Amino acid sequence: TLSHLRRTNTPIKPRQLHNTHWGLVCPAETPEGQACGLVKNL
Amino acid sequence: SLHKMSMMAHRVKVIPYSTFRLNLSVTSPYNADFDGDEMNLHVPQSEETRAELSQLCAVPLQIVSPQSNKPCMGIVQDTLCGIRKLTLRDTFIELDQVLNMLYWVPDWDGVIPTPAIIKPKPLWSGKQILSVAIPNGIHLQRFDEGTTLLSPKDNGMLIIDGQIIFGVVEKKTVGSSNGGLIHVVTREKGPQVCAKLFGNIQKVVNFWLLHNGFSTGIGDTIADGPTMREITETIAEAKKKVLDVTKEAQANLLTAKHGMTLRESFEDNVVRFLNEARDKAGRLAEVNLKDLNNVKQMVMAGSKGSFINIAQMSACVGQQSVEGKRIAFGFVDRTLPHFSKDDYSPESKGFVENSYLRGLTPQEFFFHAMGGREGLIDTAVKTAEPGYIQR
Amino acid sequence: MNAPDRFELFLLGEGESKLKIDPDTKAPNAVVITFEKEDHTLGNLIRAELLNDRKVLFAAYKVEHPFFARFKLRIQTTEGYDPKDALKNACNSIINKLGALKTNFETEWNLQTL
Amino acid sequence: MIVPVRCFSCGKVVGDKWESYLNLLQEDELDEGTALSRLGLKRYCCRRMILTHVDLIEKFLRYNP
Amino acid sequence: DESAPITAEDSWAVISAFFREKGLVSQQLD
Amino acid sequence: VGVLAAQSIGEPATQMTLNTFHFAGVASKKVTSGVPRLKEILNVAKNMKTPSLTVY
Amino acid sequence: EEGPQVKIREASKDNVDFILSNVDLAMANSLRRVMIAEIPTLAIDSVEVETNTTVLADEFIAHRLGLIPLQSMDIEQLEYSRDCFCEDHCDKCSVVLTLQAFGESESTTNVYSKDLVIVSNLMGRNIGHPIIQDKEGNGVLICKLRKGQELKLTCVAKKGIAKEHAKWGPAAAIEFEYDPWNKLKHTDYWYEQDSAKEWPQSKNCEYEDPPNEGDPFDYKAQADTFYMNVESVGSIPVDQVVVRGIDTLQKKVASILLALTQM
Amino acid sequence: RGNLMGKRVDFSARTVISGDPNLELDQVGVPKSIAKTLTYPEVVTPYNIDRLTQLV
Amino acid sequence: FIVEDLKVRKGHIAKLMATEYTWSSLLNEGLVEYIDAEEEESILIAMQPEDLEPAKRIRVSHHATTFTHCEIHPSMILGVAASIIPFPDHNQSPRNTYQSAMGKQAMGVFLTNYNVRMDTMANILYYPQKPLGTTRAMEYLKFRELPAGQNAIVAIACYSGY
Amino acid sequence: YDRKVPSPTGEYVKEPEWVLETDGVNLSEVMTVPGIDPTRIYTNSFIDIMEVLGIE
Amino acid sequence: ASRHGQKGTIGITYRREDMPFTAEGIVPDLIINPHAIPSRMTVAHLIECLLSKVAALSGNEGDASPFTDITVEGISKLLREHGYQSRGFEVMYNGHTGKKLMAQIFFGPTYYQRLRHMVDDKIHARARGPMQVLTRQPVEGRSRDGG
Amino acid sequence: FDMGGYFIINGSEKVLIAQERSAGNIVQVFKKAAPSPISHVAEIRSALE
Amino acid sequence: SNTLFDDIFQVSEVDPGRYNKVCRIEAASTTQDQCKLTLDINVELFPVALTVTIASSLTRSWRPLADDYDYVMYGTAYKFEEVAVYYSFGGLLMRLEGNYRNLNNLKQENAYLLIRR
DNA sequence: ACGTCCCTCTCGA
RNA sequence: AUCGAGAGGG
Ligand SMILES: Nc1ncnc2c1ncn2[C@@H]1O[C@H](COP(=O)(O)OP(=O)(O)OP(=O)(O)O)[C@@H](O)[C@H]1O
Ligand SMILES: [Mn+2]
Ligand SMILES: [Mn+2]
Ligand SMILES: [Mn+2]
Ligand SMILES: [Zn+2]
Ligand SMILES: [Zn+2]
């Protein structure tokens with residue numbers, strides 16, 4: 001339930017885990033679906 | 001479902017519990033497994049169609065794939081992982097247990113064969129017992145490095161008139177290979193002859209295993225002997241082989257190689273110093289593990305596991321690769337708000353020196369992450385690239 | 001849902017003779033009893049006792065599957081001397097051996113007391 | 001969701017020894033792995049049964065009716 | 001005594017406080 | 001033998017890239033002169049992205 | 001003396017300890033094995049509910065009652081409901097029980113195994129009693145009620161063998177070992193540098209002896225002498241759970257003969 | 001691409017699939033509840049009539 | 001954190017531990033700071049205070065003590081869910097990305113008013129069990145107080161090949 | 001790069017050789033340069049090879 | 001699943017008497033196949049279990065939090081002195097036979113979790129049945145019971 | 001144990017999810033496609049929010 | 001049928017090789033000193049650091065006395081060489097070299113190797 | 001210009 | 001029922 005309350009729909013590379021992303025999004029908590037690492041889990 | 005081998009016909013066998021149940025060795029051609037996978041089932045409403053599905057789309061009929069003109073099915077996991085446990089000449093069976101094996105073979109000739117020790121300890125051998133499932137009428141000859149007519153390592157494979165002469169069974173002899181026991185038998189003896197062999201072997205092999213048993217623990221990935229003591233220097237001496245080219249490249253002395261820039265020559269010559277670093281660091285463990293390791297014994301059969309998996313587990317993970325080249329400077333000419341600026345080190349361009357056994361640091365941990373994502377992007381995102389190609 | 005009933009793990013169904021003998025079609029002087037509603041408790045031990053019998057050759061048993069409770073036992077003996085007769089003995093040896101435990105524990109039990 | 005009767009692993013009567021475990025660690029104030037060990041649990045299967053139990057029943061009762 | 005530095009488990013107590021003031025759905029109340 | 005060819009060439013390609021997340025990046029998974037190099041071939045197109053005479 | 005001779009090690013309220021000398025492994029196993037699930041005992045089977053305001057569902061508590069241990073000493077005097085003659089059950093085949101509990105206490109109020117009560121004919125046989133091993137004697141905490149929660153259900157308690165369901169589990173854990181110094185080589189070890197000093201001597205190696213390394217392996221080494229320790233929740237005493245282990249087996253083999261000589 | 005070059009089909013099934021060492025290559029362990037609802041036209045022929053009348 | 005010559009210290013450790021017996025304690029004391037991703041450019045942080053100053057995990061070094069700040073605990077990069085992995089610092093990065101959105105497809109005690117709340121569909125477990133394997137992060141995600149699984153005694157090995 | 005060719009004795013041997021790998025493609029007249037092997041030169045552009053040397 | 005992307009359904013169900021055991025008479029609750037760890041390298045699955053077998057005997061909560069100098073050998077240091085094998089292995093006895101297993105087995109209490117996929121929720125069959133109205137073909141899904 | 005955050009609209013607890021965006025009223029420049037007549041470009045996202 | 005060989009050898013070399021259940025063994029003779037013999041021999045039953053025979057008695061099934069020797073076995077011949085003969089014991093291989101026993105030895109699956117001392 | 005195959009849920013005019 | 005949007009399962 002938490003993990004739904006901290007979800008960031010990033011509308012539509014941008015899918016990759018970026019260097020800036022340290023300490024904000026999760027390293028490896030994103031969906032193996034047709035929007036992988038598009039929605040990022042704070 | 002993108003090929004014939006993934007829409008084979010079967011015989012029914014009505015059973016309990018809500019789950020379709022299928023033979024372990026028809027996994028592959030479907031690429032299916034037992035952790036959440038549904039499967040379809042149809043049923044012809046006629047006779048001719050049944051014939052069409054029986055005399056064309058049968059499971060034994062497709063035992064050898066046209067696509068790659070080799071057998072597309074074969075022994076796997078538990079069976080394969082321990083069929084080499086059994087085809088050791090270290091591997092012996094005693095009086096009682098043997099019959100239990102014999103019986104299980106549904107096409108047994110009911111003749112107890114001439115044991116291989118007689119009196120000072122009546123005893124049978126795996127390659128001996130096994131052969132009763134191998135259809136008395138088969139000849140096979142396979143040689144590899146070191147394989148003599150008196151093969152010392154138990155290498156290759158010779159079996160004449162359907163009995164093991166010498167050699168160990170494994171992915172090569174039994175598995176789905178080209179010069180393979182399945183490819184032999186399906187050819188000269190008949191689709192369905194082979195078939196039963198799957199059974200004859202699965203049944204008799206499995207039995208032996210649950211009585212010898214076979215597991216796996218972290219103990220099968222700790223080689224902290226002097227081995228890890230010497231794997232610690234190759235992780236060191238190979239920083240020197242990249243510490244040299246360090247200030248040497250920033251003294252311009254770096255020989256601009258034919259073509260590539262000076263910059264690009266520094267990467268492409270250091271990654272050859274890190275890759276060969278990761279590699280030739282776990283292949284220092286692949287010999288510390290005695291032949292009585294399991295994951296050894298699991299890749300030594302070819303049941304599961306490849307080399308890379310060992311060095312990533314025991315020696316050192318290795319250099320983690322976004323977009324092909326090492327990590328990036330999404331910051332100011334640097335990689336992590338914990339690291340020097342304008343810095344080209346390995347200890348922060350993605351070389352995870354620590355192993356899985358040991359435990360990454362948050363740095364190492366992070367870069368692993370970035371690497372597999374594009375990996376995870378390759379599988380869910382760009383998996384439709386060739387799905388389009390195919391239509 | 002497609003769950004079978006647990007009580008079928010023992011209580012024999014409609015007209016299902018507990019033991020069932022057929023003759024080993026190609027091995028001479030040999031039998032295949034299909035013990036129903038039983039398991040390794042029995043099997044392993046009937047068999048293993050058989051593996052003492054003088055004039056008995058083969059003695060071993062399989063479970064054609066773990067969904068079901070049936071298991072086949074196959075036995076072959078010397079010319080003349082009867083397979084059935086072999087199971088026979090092997091069974092008594094068992095219960096006679098068991099009997100001695102029955103009382104040998106109770107003797108020992110009927111000693112110390114806490 | 002309350003203490004379950006005996007142990008998943010070998011099925012040994014452990015429903016009972018719950019309330020008796022509480023005071024052992026509280027009233028007598030002692031070590032967890034000494035409170036279970038001194039309630040007659042040496043198999044870490046039973047031991048795992050008590051030590052990892054959350055008694056959410058209590059939050060339940062606390063509701064209006 | 002206030003002149004002694006900071007260890008690992010020291011920083012846990014910090015984090016502990018972090019949520020006590022803000023919790024886990026901060027951003028979303030706020 | 002037609003719709004047979006297609007699956008024999010197409011099959012591999014899909015699992016030349018439905019199975020790169022097994023390791024952790026490495027190389028020729030499904031984004032390196034491969035599955036896309038094929039993307040070229042079938043479509044033809046002139047704008048080849050790595051042309052190269054190899055002259056003896 | 002006889003044959004398979006034995007010698008207790010210890011004996012107690014809940015456990016019993018013994019070496020079965022001159023016994024065949026296939027036996028000590030098959031005995032072990034029937035001890036687990038094939039000895040009869042009693043345990044609640046059906047349960048109808050009249051009033052349950054508790055937090056735990058009806059069938060929640062349902063499953064919980066089936067697992068309460070019942071007295072089973074004299075149990076062969078009860079015959080399997082299924083194999084008896086009465087349109088469903090009776091007193092010949094089943095003990096009946098009933099549980100009233102109401103949250104009168106303004107504190108938090110407990111129901112136990114003690115709180116159960118038998119409302120059928122005992123017919124003078126030791127049956128149906130919910131063992132209490134409890135120190136406080138207060139039984140097994142079944143449920144919890146806030147001042148106003150009620151529970152009215154009643155429990156038909158029939159005879160079952162664990163083969164059908166664990167609850168009819170007379171047994172618990174059954175200790176099993178043999179041949180401590182792996183003298184029969186029945187198990188390849190696992191060591192990094194030394195096998196020996198890494199695999200610890202089990203607490204039994206002192207009743208067998210070390211092997212005098214210098215000497216070789218004997219290929220006539222047979223399985224004999226087994227170190228076991230059995231334990232019962234209490235539904236049945238621990239002598240009966242071992243001996244009606246033996247007993248059941250005899251009967252098992254027995255009915256072989258029985259249907260043998262029918263054909 | 002939806003209602004001709006492909007459609008849906010009566011007489012079809014589905015479920016979790018598990019695997020079986022005690023089974024043969026060419027057969028598939030279908031549960032009852034599918035076999036109770038999975039029919040199959042069959043004609044009345046003297047070679048089976050003495051069977052169909054026991055299934056009916 | 002913040003570095004000079006690291007501000008907060010065993011004084012300010014205890015400085016609040018009576019609490020359960022202040023975040024705004026550590027920020028207005030100038031002991032801590034809120035650095036967006038842009039201001040992350042202009043700063044240096046040592047991963048672990050103690051580690052970077054002068055046969056276990058072979059550890060990173062320190063180097064040029066130009067350190068503006070220090071990282072609180074590295075473990076906080078983790079996500080809302082993944083935070084529950086037992087030792088992800090020993091697992092392949094794509095697995096962790098699965099356990100992540102797999103504990104989101106589970107069973108367990110989703111609230112405690114489950115009985116008088118009535119919503120469409122919902123699972124609850126029969127005997128929830130706090131994991132024998134706990135990460136410091138759990139404490140804050142109120143896990144052990146509403147677990148999701150049960151400490152299954154488990155053994156890995158081949159048997160029936162089922 | 002090594003290239004197998006027959007050592008007169010009869011067998012095949014391991015006599016290497018050099019080759020100039022390009023990063024562009026106009027064979028149309030890198031065909032005709034002297035001192036190469038026009039009868040061997042190869043370019044990935046299967047579309048140029050089509051125009052220069054024939055469909056077949 | 002366990003907490004390591006380690007899934008799988010249920011293949012078959014067996015009973016304490018039939019299943020392997022340790023000498024103290026403990027039975028595996030569950031049984032995973034070694035053939036699902038080399039491919040993935042989930043080593044914390046391994047250690048979670050090894051730590052939690054201490055957590056068990058110890059009575060004290062086992063720490064899985066990550067960036068911790070808690071060595072593997074760190075754990076097995078204790079594991080040995082509690083009694084059992086230093087590396088978690090234990091001599092196992094074939095359920096069916098009483099015989100021991102020439103291979104010892106790694107054994108501890110790994111935390112697992114029910115997931116929201118039940119076979120009985122998933123199964124489905126159809127042979128003739130409900131029929132769409134514009135296409136006249138079968139209908140979509142277990143819900144509407146179709147093809 | 002409930003921690004809030006959510007609206008309750010005709011009964012069902014709906015949530016709102018962060019919609020990210022490249023901040024506005026900022027400047028950047030990105031070389032553009034090889035065959036464009038433009039070598040770089042200057043973009044300011046002009047919007048007073 | 002009869003004893004189809006009798007030469008006497010002893011210990012030339014001893015080897016396991018990540019083995020420990022069996023050891024192959026190198027040895028040349030001493031009563032006819034112009035031959036070598038290499039035998040995969042189980043060491044659980046009979047170790048070494050000493051005669052030998054072949055025979056074929058003292059198809060058809062098998063029953064639970066030639067037992068005058070000590071270590072015994074039964075293999076099969078599969079290929080013979082010349083100047084050498086190769087037997088297989090369902091995995092255990094064995095080679096000996098000579099030119100004499102053309103009359104006794106013959107290429108069969110027959111074989112009851114023996115030893116003693 | 002089309003943009004991998006199938007499957008299970010849940011919800012607003 | 002129909003179209004539209006949404007999360008998961010291989
Ligand atoms: N996006 C997808 N498209 C097509 N097929 C898929 C897709 N995802 C999974 N599959 C199918 O599922 C199977 C493999 O997926 P799955 O994740 O089960 O693999 P896996 O190896 O078990 O997972 P793990 O990789 O964690 O072990 C293949 O048969 C594959 O075709
Ligand atoms: Mn996957
Ligand atoms: Mn899988
Ligand atoms: Mn799968
Ligand atoms: Zn227990
Ligand atoms: Zn009655």
# chains A, B, ... in the order shown; residues from 1 in each chain; ligands from 1
>>> residues_near_ligand(ligand="ligand 2", cutoff="8 Å", atoms="only C-alpha atoms (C1' of nucleotides) and all ligand atoms", output="PDB file with N, CA and C atoms (P, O5', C5', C4', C3', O3' and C1' of nucleotides), in the first residue's frame")
ATOM      1  N   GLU A  32       8.447  -4.935 -14.427  1.00  0.00           N
ATOM      2  CA  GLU A  32       8.944  -5.634 -15.642  1.00  0.00           C
ATOM      3  C   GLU A  32       7.884  -5.557 -16.752  1.00  0.00           C
TER       4      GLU A  32
ATOM      5  N   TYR I  98      12.628  -8.053  -8.866  1.00  0.00           N
ATOM      6  CA  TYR I  98      11.436  -8.948  -8.847  1.00  0.00           C
ATOM      7  C   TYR I  98      10.908  -9.053  -7.409  1.00  0.00           C
TER       8      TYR I  98
ATOM      9  P     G O  10       4.808 -14.258 -13.360  1.00  0.00           P
ATOM     10  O5'   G O  10       5.584 -15.599 -13.773  1.00  0.00           O
ATOM     11  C5'   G O  10       6.263 -15.743 -15.030  1.00  0.00           C
ATOM     12  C4'   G O  10       5.412 -16.509 -16.006  1.00  0.00           C
ATOM     13  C3'   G O  10       6.012 -16.742 -17.372  1.00  0.00           C
ATOM     14  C1'   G O  10       3.760 -16.024 -17.605  1.00  0.00           C
TER      15        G O  10
END
>>> residues_near_ligand(ligand="ligand 3", cutoff="8 Å", atoms="only C-alpha atoms (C1' of nucleotides) and all ligand atoms", output="list in words")
residues 32, 33, 34, 35 and 36 of chain B; 7 and 8 of chain K
>>> atom_distance(atom1="CA of residue 54 (chain M)", atom2="CA of residue 78 (chain M)")
15.3 Å
>>> interface_residues(of="chain K", to="chain D", cutoff="8 Å", atoms="only C-alpha atoms", output="list in words")
residues 16, 24, 25, 26, 27, 28, 29, 53, 56, 57, 58, 59, 60 and 109 of chain K
>>> residues_around(residues="residue 40 (chain K)", least_positions_apart="4", cutoff="8 Å", atoms="only C-alpha atoms (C1' of nucleotides)", output="ChimeraX atom specification")
/F:22-23 /I:92,95 /K:36
>>> residues_near_ligand(ligand="ligand 1", cutoff="10 Å", atoms="only C-alpha atoms (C1' of nucleotides) and all ligand atoms", output="ChimeraX atom specification")
/A:32-34 /B:1-2,27-38,379-384,387 /F:14-15,18-23 /I:94-95,97-99 /K:4-8,36-37,39-40 /N:4-6 /O:9-10
>>> write_last_selection(atoms="C-alpha atoms (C1' of nucleotides)", output="PDB file, in the first residue's frame")
ATOM      1  CA  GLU A  32       8.944  -5.634 -15.642  1.00  0.00           C
ATOM      2  CA  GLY A  33       6.038  -4.371 -17.790  1.00  0.00           C
ATOM      3  CA  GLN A  34       5.528  -2.233 -20.927  1.00  0.00           C
TER       4      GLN A  34
ATOM      5  CA  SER B   1       4.093 -20.020 -29.507  1.00  0.00           C
ATOM      6  CA  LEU B   2       6.301 -19.081 -32.504  1.00  0.00           C
ATOM      7  CA  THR B  27       9.773 -28.538 -21.106  1.00  0.00           C
ATOM      8  CA  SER B  28      12.292 -27.012 -23.529  1.00  0.00           C
ATOM      9  CA  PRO B  29      10.550 -27.146 -26.958  1.00  0.00           C
ATOM     10  CA  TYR B  30       7.780 -25.178 -25.220  1.00  0.00           C
ATOM     11  CA  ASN B  31      10.169 -23.296 -22.960  1.00  0.00           C
ATOM     12  CA  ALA B  32       7.834 -23.767 -20.093  1.00  0.00           C
ATOM     13  CA  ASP B  33       8.405 -24.176 -16.366  1.00  0.00           C
ATOM     14  CA  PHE B  34       6.562 -24.908 -13.154  1.00  0.00           C
ATOM     15  CA  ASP B  35       6.339 -21.526 -11.430  1.00  0.00           C
ATOM     16  CA  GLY B  36       3.240 -19.910 -12.749  1.00  0.00           C
ATOM     17  CA  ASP B  37       2.865 -20.896 -16.371  1.00  0.00           C
ATOM     18  CA  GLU B  38      -0.537 -21.804 -17.764  1.00  0.00           C
ATOM     19  CA  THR B 379      13.453  -8.182 -22.183  1.00  0.00           C
ATOM     20  CA  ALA B 380      10.116  -6.364 -21.686  1.00  0.00           C
ATOM     21  CA  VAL B 381      10.534  -3.398 -23.987  1.00  0.00           C
ATOM     22  CA  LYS B 382      12.582  -4.546 -27.034  1.00  0.00           C
ATOM     23  CA  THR B 383      11.195  -8.134 -26.922  1.00  0.00           C
ATOM     24  CA  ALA B 384       8.634  -6.973 -29.565  1.00  0.00           C
ATOM     25  CA  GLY B 387       8.075 -10.475 -32.579  1.00  0.00           C
TER      26      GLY B 387
ATOM     27  CA  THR F  14      13.061 -13.472 -30.062  1.00  0.00           C
ATOM     28  CA  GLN F  15      14.979 -15.537 -27.476  1.00  0.00           C
ATOM     29  CA  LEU F  18      14.050 -12.540 -24.389  1.00  0.00           C
ATOM     30  CA  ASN F  19      16.845 -13.679 -22.134  1.00  0.00           C
ATOM     31  CA  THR F  20      19.509 -11.005 -21.638  1.00  0.00           C
ATOM     32  CA  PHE F  21      18.354 -10.164 -18.010  1.00  0.00           C
ATOM     33  CA  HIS F  22      19.851 -13.555 -16.862  1.00  0.00           C
ATOM     34  CA  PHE F  23      23.296 -11.996 -16.300  1.00  0.00           C
TER      35      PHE F  23
ATOM     36  CA  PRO I  94      17.390  -8.077 -11.728  1.00  0.00           C
ATOM     37  CA  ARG I  95      16.274 -10.498  -8.939  1.00  0.00           C
ATOM     38  CA  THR I  97      13.830  -5.930  -9.026  1.00  0.00           C
ATOM     39  CA  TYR I  98      11.436  -8.948  -8.847  1.00  0.00           C
ATOM     40  CA  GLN I  99      11.178  -9.653  -5.066  1.00  0.00           C
TER      41      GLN I  99
ATOM     42  CA  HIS K   4      14.595 -13.211  -3.814  1.00  0.00           C
ATOM     43  CA  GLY K   5      12.497 -13.361  -6.963  1.00  0.00           C
ATOM     44  CA  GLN K   6      12.451 -17.143  -6.273  1.00  0.00           C
ATOM     45  CA  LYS K   7       9.056 -18.364  -7.479  1.00  0.00           C
ATOM     46  CA  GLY K   8       7.494 -21.718  -8.385  1.00  0.00           C
ATOM     47  CA  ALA K  36      17.251 -22.568  -9.428  1.00  0.00           C
ATOM     48  CA  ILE K  37      20.126 -20.760  -7.843  1.00  0.00           C
ATOM     49  CA  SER K  39      21.135 -19.423 -12.981  1.00  0.00           C
ATOM     50  CA  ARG K  40      20.217 -16.445 -10.735  1.00  0.00           C
TER      51      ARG K  40
ATOM     52  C1'  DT N   4       5.550  -9.977 -30.185  1.00  0.00           C
ATOM     53  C1'  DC N   5       1.823 -14.007 -28.746  1.00  0.00           C
ATOM     54  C1'  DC N   6      -1.967 -15.175 -24.658  1.00  0.00           C
TER      55       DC N   6
ATOM     56  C1'   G O   9       0.272 -12.912 -14.683  1.00  0.00           C
ATOM     57  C1'   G O  10       3.760 -16.024 -17.605  1.00  0.00           C
TER      58        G O  10
END
>>> interface_residues(of="chain H", to="chain O", cutoff="12 Å", atoms="only C-alpha atoms (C1' of nucleotides)", output="NGL selection string")
:H and (15-17)
>>> write_last_selection(atoms="N, CA, C and O atoms", output="JSON list (two decimals), in the first residue's frame")
[["chain", "number", "residue", "atom", "x", "y", "z"],
["H", 15, "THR", "N", -4.69, -24.18, -17.56],
["H", 15, "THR", "CA", -4.39, -24.20, -16.14],
["H", 15, "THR", "C", -2.89, -24.15, -15.90],
["H", 15, "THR", "O", -2.07, -24.39, -16.80],
["H", 16, "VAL", "N", -2.55, -23.88, -14.64],
["H", 16, "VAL", "CA", -1.19, -24.07, -14.16],
["H", 16, "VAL", "C", -0.67, -25.41, -14.64],
["H", 16, "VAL", "O", -1.38, -26.42, -14.58],
["H", 17, "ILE", "N", 0.60, -25.42, -15.06],
["H", 17, "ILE", "CA", 1.21, -26.69, -15.56],
["H", 17, "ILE", "C", 2.37, -27.10, -14.65],
["H", 17, "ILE", "O", 3.29, -26.29, -14.45]]
>>> residues_around(residues="region 9-18 of chain E", least_positions_apart="3", cutoff="8 Å", atoms="only C-alpha atoms (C1' of nucleotides)", output="list in words")
residues 6, 21, 22 and 23 of chain E; 10, 13, 17, 22, 23, 72, 73 and 140 of chain I
>>> write_last_selection(atoms="N, CA, C and O atoms", output="PDB file, in the first residue's frame")
ATOM      1  N   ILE E   6      30.265  10.019  16.026  1.00  0.00           N
ATOM      2  CA  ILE E   6      29.039   9.366  15.594  1.00  0.00           C
ATOM      3  C   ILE E   6      29.410   8.068  14.891  1.00  0.00           C
ATOM      4  O   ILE E   6      30.324   8.047  14.058  1.00  0.00           O
ATOM      5  N   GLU E  21       8.822  12.715  12.713  1.00  0.00           N
ATOM      6  CA  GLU E  21       8.351  14.052  12.383  1.00  0.00           C
ATOM      7  C   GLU E  21       7.596  14.080  11.062  1.00  0.00           C
ATOM      8  O   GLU E  21       6.691  14.914  10.890  1.00  0.00           O
ATOM      9  N   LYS E  22       7.935  13.174  10.133  1.00  0.00           N
ATOM     10  CA  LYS E  22       7.381  13.210   8.780  1.00  0.00           C
ATOM     11  C   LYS E  22       6.676  11.922   8.344  1.00  0.00           C
ATOM     12  O   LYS E  22       5.777  11.985   7.497  1.00  0.00           O
ATOM     13  N   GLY E  23       7.033  10.767   8.894  1.00  0.00           N
ATOM     14  CA  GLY E  23       6.308   9.560   8.531  1.00  0.00           C
ATOM     15  C   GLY E  23       6.693   9.012   7.162  1.00  0.00           C
ATOM     16  O   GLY E  23       7.826   9.164   6.703  1.00  0.00           O
TER      17      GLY E  23
ATOM     18  N   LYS I  10      27.515  12.117  19.480  1.00  0.00           N
ATOM     19  CA  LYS I  10      26.891  11.377  20.580  1.00  0.00           C
ATOM     20  C   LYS I  10      26.198  12.276  21.591  1.00  0.00           C
ATOM     21  O   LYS I  10      25.337  11.821  22.351  1.00  0.00           O
ATOM     22  N   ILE I  13      23.129  12.525  19.539  1.00  0.00           N
ATOM     23  CA  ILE I  13      22.511  11.204  19.535  1.00  0.00           C
ATOM     24  C   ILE I  13      21.506  11.173  20.675  1.00  0.00           C
ATOM     25  O   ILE I  13      20.293  11.308  20.460  1.00  0.00           O
ATOM     26  N   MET I  17      16.817  10.782  22.354  1.00  0.00           N
ATOM     27  CA  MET I  17      16.402   9.416  22.671  1.00  0.00           C
ATOM     28  C   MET I  17      15.385   9.332  23.797  1.00  0.00           C
ATOM     29  O   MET I  17      14.654   8.337  23.886  1.00  0.00           O
ATOM     30  N   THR I  22      13.025  14.854  17.565  1.00  0.00           N
ATOM     31  CA  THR I  22      12.908  16.100  16.823  1.00  0.00           C
ATOM     32  C   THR I  22      13.743  16.038  15.545  1.00  0.00           C
ATOM     33  O   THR I  22      14.975  16.004  15.609  1.00  0.00           O
ATOM     34  N   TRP I  23      13.094  16.007  14.381  1.00  0.00           N
ATOM     35  CA  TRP I  23      13.846  16.288  13.163  1.00  0.00           C
ATOM     36  C   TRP I  23      14.218  17.762  13.121  1.00  0.00           C
ATOM     37  O   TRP I  23      15.387  18.117  12.919  1.00  0.00           O
ATOM     38  N   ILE I  72      23.753   9.330   5.463  1.00  0.00           N
ATOM     39  CA  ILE I  72      23.215   8.908   6.757  1.00  0.00           C
ATOM     40  C   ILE I  72      23.413   7.416   7.008  1.00  0.00           C
ATOM     41  O   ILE I  72      24.108   7.024   7.954  1.00  0.00           O
ATOM     42  N   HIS I  73      22.756   6.574   6.201  1.00  0.00           N
ATOM     43  CA  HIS I  73      23.059   5.144   6.036  1.00  0.00           C
ATOM     44  C   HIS I  73      22.800   4.927   4.557  1.00  0.00           C
ATOM     45  O   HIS I  73      21.833   5.474   4.003  1.00  0.00           O
ATOM     46  N   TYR I 140      10.696   0.817  10.359  1.00  0.00           N
ATOM     47  CA  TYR I 140      10.046   2.051   9.930  1.00  0.00           C
ATOM     48  C   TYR I 140       8.906   1.824   8.948  1.00  0.00           C
ATOM     49  O   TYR I 140       8.019   2.682   8.831  1.00  0.00           O
TER      50      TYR I 140
END
>>> select_by_dssp(residues="region 2-142 of chain K", states="helix (DSSP H, G or I)", output="PyMOL selection string")
chain K and resi 34-36+43-58+72-82+119-122
>>> atom_distance(atom1="CA of residue 4 (chain B)", atom2="CA of residue 74 (chain B)")
17.1 Å
>>> residues_near_ligand(ligand="ligand 6", cutoff="10 Å", atoms="only C-alpha atoms (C1' of nucleotides) and all ligand atoms", output="ChimeraX atom specification")
/G:78-94,158
